[PDB]
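As structure tokens, the structure follows; a few thoughts come after it.
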Amino acid sequence: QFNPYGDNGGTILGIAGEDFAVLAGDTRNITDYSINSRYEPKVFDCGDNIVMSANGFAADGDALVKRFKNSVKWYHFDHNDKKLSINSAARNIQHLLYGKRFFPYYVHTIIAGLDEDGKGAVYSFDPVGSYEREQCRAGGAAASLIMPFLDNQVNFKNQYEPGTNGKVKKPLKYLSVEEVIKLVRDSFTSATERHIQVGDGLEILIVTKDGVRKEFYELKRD
Amino acid sequence: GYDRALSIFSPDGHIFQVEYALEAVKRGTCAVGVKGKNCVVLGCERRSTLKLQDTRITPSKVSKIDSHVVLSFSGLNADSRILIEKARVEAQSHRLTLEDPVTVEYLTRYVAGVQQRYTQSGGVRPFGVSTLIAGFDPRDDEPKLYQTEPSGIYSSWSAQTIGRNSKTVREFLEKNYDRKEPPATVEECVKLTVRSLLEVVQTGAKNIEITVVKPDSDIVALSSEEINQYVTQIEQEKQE
Amino acid sequence: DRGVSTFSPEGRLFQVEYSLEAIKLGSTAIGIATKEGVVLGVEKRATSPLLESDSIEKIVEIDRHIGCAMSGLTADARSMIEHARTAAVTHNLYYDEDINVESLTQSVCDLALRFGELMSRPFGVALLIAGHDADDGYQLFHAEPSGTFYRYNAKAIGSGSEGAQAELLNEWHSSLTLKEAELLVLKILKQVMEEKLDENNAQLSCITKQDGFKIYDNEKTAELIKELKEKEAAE
Amino acid sequence: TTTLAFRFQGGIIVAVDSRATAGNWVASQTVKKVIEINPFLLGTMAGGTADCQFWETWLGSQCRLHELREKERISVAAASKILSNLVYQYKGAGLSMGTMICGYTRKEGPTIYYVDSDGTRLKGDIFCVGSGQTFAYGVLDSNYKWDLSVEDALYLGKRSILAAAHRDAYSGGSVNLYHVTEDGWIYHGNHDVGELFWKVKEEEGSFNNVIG
Amino acid sequence: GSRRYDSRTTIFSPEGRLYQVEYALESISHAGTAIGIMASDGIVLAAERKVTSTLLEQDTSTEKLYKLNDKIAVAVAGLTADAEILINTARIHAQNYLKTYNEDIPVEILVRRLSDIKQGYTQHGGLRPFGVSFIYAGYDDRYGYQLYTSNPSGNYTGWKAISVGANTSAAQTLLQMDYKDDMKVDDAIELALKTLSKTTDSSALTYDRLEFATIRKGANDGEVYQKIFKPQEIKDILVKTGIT
Amino acid sequence: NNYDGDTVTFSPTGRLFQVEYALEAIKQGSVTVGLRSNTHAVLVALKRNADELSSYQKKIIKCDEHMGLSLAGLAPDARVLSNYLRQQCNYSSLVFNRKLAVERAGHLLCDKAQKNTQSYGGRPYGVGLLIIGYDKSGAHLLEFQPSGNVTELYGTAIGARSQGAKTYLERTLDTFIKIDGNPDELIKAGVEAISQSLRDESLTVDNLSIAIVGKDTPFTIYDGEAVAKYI
Amino acid sequence: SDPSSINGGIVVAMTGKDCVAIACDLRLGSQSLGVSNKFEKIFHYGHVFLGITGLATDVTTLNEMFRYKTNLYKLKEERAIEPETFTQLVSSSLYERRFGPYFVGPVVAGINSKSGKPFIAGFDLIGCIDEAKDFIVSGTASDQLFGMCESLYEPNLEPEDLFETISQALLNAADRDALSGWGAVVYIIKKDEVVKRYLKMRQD
Amino acid sequence: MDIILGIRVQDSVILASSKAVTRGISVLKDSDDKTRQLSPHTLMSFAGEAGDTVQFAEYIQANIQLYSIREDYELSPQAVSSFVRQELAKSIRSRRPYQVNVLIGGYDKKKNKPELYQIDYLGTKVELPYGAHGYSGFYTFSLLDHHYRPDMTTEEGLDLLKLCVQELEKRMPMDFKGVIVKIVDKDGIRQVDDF
Amino acid sequence: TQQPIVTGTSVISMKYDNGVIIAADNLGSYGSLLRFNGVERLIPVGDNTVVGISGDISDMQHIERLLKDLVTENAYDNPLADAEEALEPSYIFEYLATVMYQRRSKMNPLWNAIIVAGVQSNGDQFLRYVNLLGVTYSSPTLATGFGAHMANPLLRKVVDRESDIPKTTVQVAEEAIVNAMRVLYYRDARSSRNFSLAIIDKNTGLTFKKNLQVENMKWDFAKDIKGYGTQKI
Ligand SMILES: *[B]([O])([O])[C]([C][C]([C])[C])[N]C(=O)[C]([C]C1=[C][C]=[C][C]=[C]1)[N]C(=O)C1=[C]N=[C][C]=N1
Ligand SMILES: [Mg+2]
Ligand SMILES: [Mg+2]
Ligand SMILES: [Mg+2]
């Protein structure tokens, strides 16, 4: 019997800062126990200061990104070159996904950018289009390895202030872009160690009011 | 399928097929609607050119769309059946989906929408019918009376008439109907409706039909004798 | 006979040009756009005194931020309004935002030339579409059955249009207040109407960023009519 | 999931949890399981996240179109039936929904309809829906009265979700409270279960089984 | 293209009349006269065949009177072929109703259905209308004995006595003169034949130029019987009533 | 005369009058100019207003990053045709990862317009288009007529009084074709070309519309104070 | 689960000298539960009799369908349909549902009004005609009925003798079937008189 | 849903229907009315698959109400039952059949007789003096077979119905939360508010 | 949904400094039966692209006809069909990738794994993979089927990342490809000795080599291997 789905591995991570947002993902592409590519870009600049990644079955992932990029193009044509805001992009992606409710895009989608007040924004989707704005979200293979670490080190969960013994929580102080990138790199280094589908390279797209910047880092290739 | 554009604009900006449909309404028997303080009355002319008629079974001029709304008309009789059927289906569909009977305004807006659709659809001619739609909204005691016409425009009326010699009975209603004080009772409202038809009808015998609609689905059609008593009392006051 | 989509020797569609003649027979509608809001006003024109004039609905809400006035064969406007409302709501569903006034107008105008041998003839009604959005502020559009729409600072359509437009030419400036616009619509409606203008045979409405689209009460309009009479008697 | 809604003297109380799970994996603790259909209408979310989000957002569009067309607020009966008729068309296809449609109109008063992806539509005074529905029912049934103050009613809804959050593994995170009156609903905050549990335990004297 | 040759069968005249309906009625006015008379104890249907021949096989011939079901019959005036199309549709409608509700179709409901079909051809489709007028004679347990007529416009009305086809003006005046409410079937039989005998364009009214039928509760106890008269039976009733 | 009732009828001299009447609608339209060098292609359009309260009708439509057109005649017909071009440009990119050649875009417009001239019920398009673009073979300028005829040119003009601009471009041919690597001078030549078609009115800030595409220049439209530089 | 044995029931037909007989039980059930003891399975259209066993909804539907068709037949033909012609109509009507069939076992019985010849016929659920000279059986106790008929039957029985034979064939067959019984009816059919007899039988 | 009972006495038809609605593990409601008035003298109770039951009942209701308005006449119980049967017989060969069983209790004003019809989801119709759907008959038919006489009063019918419900409450595993009882006679339809 | 009947095994490929190399054997297998011994599975498109195909042969022949039709269609009304508007490797791939994903979405796939090797207009090396699921990816080395497991490890020792491409000559690259084909012949039970090899260079163009054979094979050591453990004779 023909199975229309497959699993290309990979892992992605979105983190929303105070006036910035990052969307990171490893560059390894796999099937079963083989490596297809050590550098296959997974996070894309879609225009209008929005970055996107659809992780899971790469064929569906490419199809979705392609249709969203197209939707941005036609949004400009139909509405006098108006900038597609991140919240509007998010709702649009819900309808793209739910359109195939009974034959779903087998992906975990994350977009990142800035909201209309200039604050960092990350949105997260399930395969059939349910979505929610978030401060922090990992997706894909090693998501279960990364999320708990981010609960602890980004939101200071289960951390309290010394001397008070559980009475006073550790205050939720804002993180700089340099601080977030450190946590992203450590998240992927750790995920590479313990997850066989994670490795080769890490590509991070950083979004600010100035635009979209890229950073690349080597990961272990075993 | 037959797709021919029958309703089209002319150089002077008129749609003749819609306007000729109004001429069919002008030919139809006279219909009148009058709303009192707590009721609406629908009066209808029956042309006495047809005797040997069986009045038990002959299609009556006033039709119940639901238990709380009624529809009368002037124009082509066969055309009116199609609008009445559609209206009755929509009334039940509304109850099924909204769990509430139609308002009189809603039912009018639907029937008017059907009439309009037949003025810019290919292969069809407009309805040669104008309607008077009357009743009471659910759990409401305010009387409602609306009119529609072949073009699809509709509006609310304190009192209105349609059909042949409607110009004359509208003349009567415009001088006899006071808005500050409408017919306070059923009697007064029926009397004013019969009076208005007597300006046009001929004999007050089997030529006048009267239907009274009251709040909370209270609809009744008056008999020949009951109407005949109004006809008698009107002329005895007139002999003075 | 001849095709419904036929060109004249001058390069105009016969049916579109004839529908424009039907609009000239319609009741007057006027719109004025200011930096404080857009005002929409219409002549009701009841055919008889027994017709309850508040049932005449020639000003209509499309969304909270978009209103619409009509002139011509007003029954034809109902499907246009239904499409406009659906387009406005559908866009909000797809994009979690308000739709631009121009985009709404363009969507309505896409229906216009969908006639042939689709509907059997063009619409016999013109629309004044007024609204507000964050990008282009307060806007007024004139949607025709040709499929063309122009943006206007002020516009009149219907039987008294060319007389009203000439009056709007002189009166409009870029610093008009909302109150000044209201009186101006009332003034020009009173000029071109056959019957004497009052709160029962004329209707006002406006669209502001704060309160959205509002049809004025007869009591509210009656005061503005009284305010108009006094200021015209003031010189 | 644990969602509840109940009618009382002050209108309707709506209370929901915040947890979403994929198997044993906790996918989210910050899910908005109440949908703001308009200022007057609320919908609760149980079953498939997407199905509930998509079609109740859609429901708000249909309600807006109704009141644009009819110049009048849509009834809770009519609003709930649009959704139930819609999901009935999809019956068999595999939609997964258990929802309460909550509102307050002049003609109806405070009204709650349970709507279901098998096509069930039920009017009622108290409904609980989700994996932890049984736990919440216990607290409600023993403490529910008609003559509850808005303050006490809000607490009961909060306390019932907490009961379920404690015992049901697929319920937890936080509690979102809403109060529905005739002029519209009113949000009453997000309450972390991690802080709410220790607070209620200390103040109420309950959960003596747990050490603190 | 094709528009050039389109007669436009479904349009109003400037006076608000349907051209084709009016012209179809003109066609029907040349058809053989059909008469229906309703009595307290039954209904009579009488109709004149159009200028026949001696070589026509009358006993197997049917051009006027048709059976729709056991309770309802029709008299035809107009194009016979057009009538048979509608008659077969009406027979099916009656059976559809019987299958659905397990009760015989009420007369009016059948009449309304056929009349709605006629109406459709005057409003949409671009086809010519049916050049047929019916007299419906039927019985049901709600209204009892009923007479209706329908014409190409799709308009229908109820009658105590009625005529369609040729010389209806003269026929209707004669019926209006001699008809009374307490009349019986045997009296109605005589009235129908006397009216045809005076309005006929033929020199004399004979059995070979007539079709005749009665619907009677003259069926053994509470039930209704349709009787399509045979040529010899029409000959006998002509002698009985004193016309031949 | 007797042969102008529909598009499906030749006249006795082999003419199609409905197509010719559609061509007449373009002549009533406002003037627009197109011209190109070897590096850039420029559109210049005179926008028309209804009155002093009204806006000036937009004349230029973007089809892709590398292609767009200007219109003269029925604006809704330009919207239909430009929408079709947008889809075709888009199909090429999505399916073949290929920017649509300007010449192939002209062929597609020709074939779409042709179907409306040979069938009953329909009507010809009532608009003329000037398509500019930059593809793998450099800068291009096309002229579309609703008869179906599409023509590749160095420069041209359509609309009312377009003959004046067309003669100017015919004189200037050897000069403006050489304006390589200088967008401002190529636009100047276009603004000077469209000026030969003006009477009574002159080019104001909300009257003038300009579009340009080139080697390292995406199709961009200039309106308002962005064209004051060229007035 | 098996549609032909949800409701239960039987029909049997026999030819005699210048006569035919058709009989049936009166039971309708929902598997083990007895629901009705007045569910007659024999119908008639003019002088042609039709028995139908199997799924009860299809029994009712087919009766209504053949009433429909024989009423139209009569209006057009101006005569009552004959057994031979009706048999072909049943066959045609069943076969049109070849790949979505009515779960029934029809049995036709009657006397041709012109020739006077007795006629019986049986069908499977999709139209195949079994035109036996002696007898036809159908239903959940068809095996039992075959056994009874094959031993009890003899040709050229007089109407009142045929009654006894067909009655004993039905009764004793039904009593060996859990889903048949709860009463019985026997039609004795002659050229211009038909007698209907309800039989007394055990009610378990 | 679960238990629906019907009994036709001398001058009326009595329908009894359970009040419970159960979704799996919980009893969501204990006051559910599993019936629809089709016409002033015709009542239909129903039980089967969730959603389908109410959808079917309201669809039938809408159709009968439409007929009533069109003809200004109430259809006989027999006619209504035949219409309902045909809809179910049509449904059973559909893409997704209505999984609904019904009882139709009506008073025929023409014949002055009460009438009870039992119809299952296949379109199997029978007229009965008393009837049931599901496992309800399994308990009640023995009591009804014993005690039923065709000339009972409405009060005697209610007493026999109480005995049936008591047996159900004793031997049935499921708690159906009592029954709503409705009477259909010459004066129309009314609910017995204490049972 | 179907099953592959007549099949082709590995297609292998790699980038080098001035272009790309691609190779595939000439066998059409029918299950375990080595049925057809003269099947060309490298199909050139113009002078700048070679499409290598593995999997179902009936579907391969269909794809071959699509590509042939693509060339015909591109020439229509195209004066620059043999110049600026010639088919690029990237155009050919994107077309195939679109078809593959559409067919899988209708649950009726073309049961193939495809590698499109070529050189673009600007001289850039093009090498990308697509299969029956519509899955696509690019790498300095690409291989299908058994080649993915055995050829890639060998080819990746020559070009391990992007920066190794300019350091790799055509002689070294071809040597590595030929060795990999030998290894596949040792170890793949559905392979043949005969194969085709294609080089697409930005300077010397398309070189298509037919009727190549695996040579320099080591078998002599087999003579010393006796039994499966304890046997000495
Ligand atoms: B609740 O448990 O029903 C919860 C509420 C949801 C509507 C936001 N549902 C889920 O968590 C479901 C799984 C489930 C658990 C228990 C009962 C029924 C269903 N999860 C999801 O739908 C889900 C999981 N991961 C990502 C997206 N959606
Ligand atoms: Mg690893
Ligand atoms: Mg828990
Ligand atoms: Mg037993």
Side-chain angles (χ1 to χ4, degrees), chain B residues 98-99, chain D residues 1-18 31-47 51-64 66-67 73-87 97-117 120-130 132-133 136-137 140 144-146 148 150 152-158 160-161 164 175-190, chain H residues 21 23 28-29:
Chain B
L98 286 307
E99 292 195 339
Chain D
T1 288
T2 314
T3 61
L4 75 283
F6 65 85
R7 262 160 41 85
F8 79 118
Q9 157 275 125
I12 304 168
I13 301 302
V14 183
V16 302
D17 78 307
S18 196
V31 184
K32 275 200 70 184
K33 293 189 192 188
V34 176
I35 298 251
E36 292 165 3
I37 299 159
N38 60 30
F40 296 95
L41 291 174
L42 297 176
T44 56
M45 275 184 25
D51 294 338
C52 291
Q53 255 194 12
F54 191 86
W55 288 118
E56 283 183 27
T57 304
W58 173 86
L59 177 56
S61 302
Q62 303 306 303
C63 293
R64 175 54 177 155
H66 171 94
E67 65 192 43
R73 270 177 72 199
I74 190 163
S75 62
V76 187
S80 70
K81 202 156 196 185
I82 286 165
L83 182 60
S84 69
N85 288 156
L86 185 277
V87 302
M97 304 177 144
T99 85
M100 271 106 54
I101 307 302
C102 309
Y104 196 146
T105 63
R106 256 277 171 75
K107 66 160 297 230
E108 296 168 304
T111 313
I112 301 165
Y113 279 90
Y114 168 78
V115 179
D116 180 302
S117 45
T120 308
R121 180 167 163 276
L122 291 170
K123 195 170 80 173
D125 297 334
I126 304 164
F127 287 112
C128 294
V129 179
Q133 70 181 48
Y137 267 129
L140 244 21
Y144 173 78
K145 299 170 186 171
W146 183 257
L148 252 40
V150 174
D152 286 358
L154 281 161
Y155 181 80
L156 175 58
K158 202 210 300 181
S160 297
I161 293 293
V175 188
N176 286 118
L177 282 175
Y178 286 82
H179 174 224
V180 192
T181 58
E182 198 177 313
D183 291 345
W185 51 258
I186 299 159
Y187 184 54
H188 278 316
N190 182 253
Chain H
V21 180
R23 228 90 297 209
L28 295 194
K29 204 176 179 182

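As a basis for the values below, the full set of heavy atoms in this structure was taken, side chains included, without hydrogen atoms, waters or symmetry mates. So that the names make sense, note that chain A is the first sequence line, chain B the second, and so on, each numbered from 1.
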Has the side chain of [X] got a donor or acceptor atom that lies under 3.5 Å from a matching backbone atom of [Y]?
X: D:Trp185; Y: D:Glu36; value: no
X: D:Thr120; Y: D:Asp116; value: no
X: D:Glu182; Y: D:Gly109; value: no
X: D:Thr1; Y: D:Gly130; value: no
X: D:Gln9; Y: D:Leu148; value: yes
X: H:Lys29; Y: D:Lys123; value: yes

Rounded to the nearest 0.5 Å, what separates atom [atom1] in [X] from atom [atom2] in [Y]?
X: D:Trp55; Y: D:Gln62; atom1: CH2; atom2: CD; answer: 9.0 Å
X: D:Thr44; Y: D:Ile101; atom1: OG1; atom2: CD1; answer: 6.5 Å
X: D:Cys102; Y: D:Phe127; atom1: SG; atom2: CZ; answer: 9.5 Å
X: D:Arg106; Y: D:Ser75; atom1: CZ; atom2: OG; answer: 15.5 Å
X: D:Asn190; Y: D:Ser18; atom1: CG; atom2: OG; answer: 6.0 Å
X: D:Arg73; Y: D:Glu108; atom1: CZ; atom2: CD; answer: 9.0 Å

Query raised in the report: Per the side chain to side chain donor-acceptor pair (under 3.5 Å) rule, which among D:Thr2, D:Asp17, D:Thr3 passes with D:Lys33?
Result: D:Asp17

Check: [Y] and [X] side chains under 4.5 Å, non-hydrogen atoms:
X: D:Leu83; Y: D:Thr99; answer: yes
X: D:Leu140; Y: D:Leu156; answer: yes
X: D:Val34; Y: D:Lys32; answer: no
X: D:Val16; Y: D:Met45; answer: no
X: D:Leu4; Y: D:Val14; answer: no
X: D:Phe40; Y: D:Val76; answer: no
X: D:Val115; Y: D:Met100; answer: no
X: D:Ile82; Y: D:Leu86; answer: no

Could you pull out the closest heavy-atom pair between [X] and [Y], with the gap in Å?
X: D:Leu42; Y: D:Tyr178; result: CD1-CB, 3.5 Å
X: D:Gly43; Y: D:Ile37; result: N-CD1, 3.6 Å
X: D:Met97; Y: D:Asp51; result: CE-O, 2.9 Å
X: D:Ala15; Y: D:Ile161; result: O-CD1, 3.5 Å
X: D:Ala79; Y: D:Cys63; result: CB-SG, 3.9 Å
X: D:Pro110; Y: D:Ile12; result: CB-CG1, 3.6 Å

Would you say the side chains of [X] and [Y] form a donor-acceptor pair under 3.5 Å?
X: D:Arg121; Y: D:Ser80; value: yes
X: D:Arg7; Y: D:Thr111; value: no
X: D:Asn176; Y: D:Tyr187; value: yes

Requested in this report: Among D:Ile74, D:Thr105, D:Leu59, find the residue that satisfies the side chain to side chain contact (heavy atoms under 4.5 Å, CB included) test when tested with D:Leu41.
Outcome: D:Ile74

Requested in this report: Would you sort out whether D:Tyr144 and D:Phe6 count as a ring-ring contact (aromatic ring centres under 6.0 Å, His included), showing the intermediate values?
Outcome: CA-CA 9 Å; D:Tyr144 173 78; D:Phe6 65 85; 5.7 Å; yes

Query raised in the report: So D:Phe8 and D:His179, would you call those rings parallel, tilted or perpendicular, with 30° and 60° as cut-offs?
Result: tilted

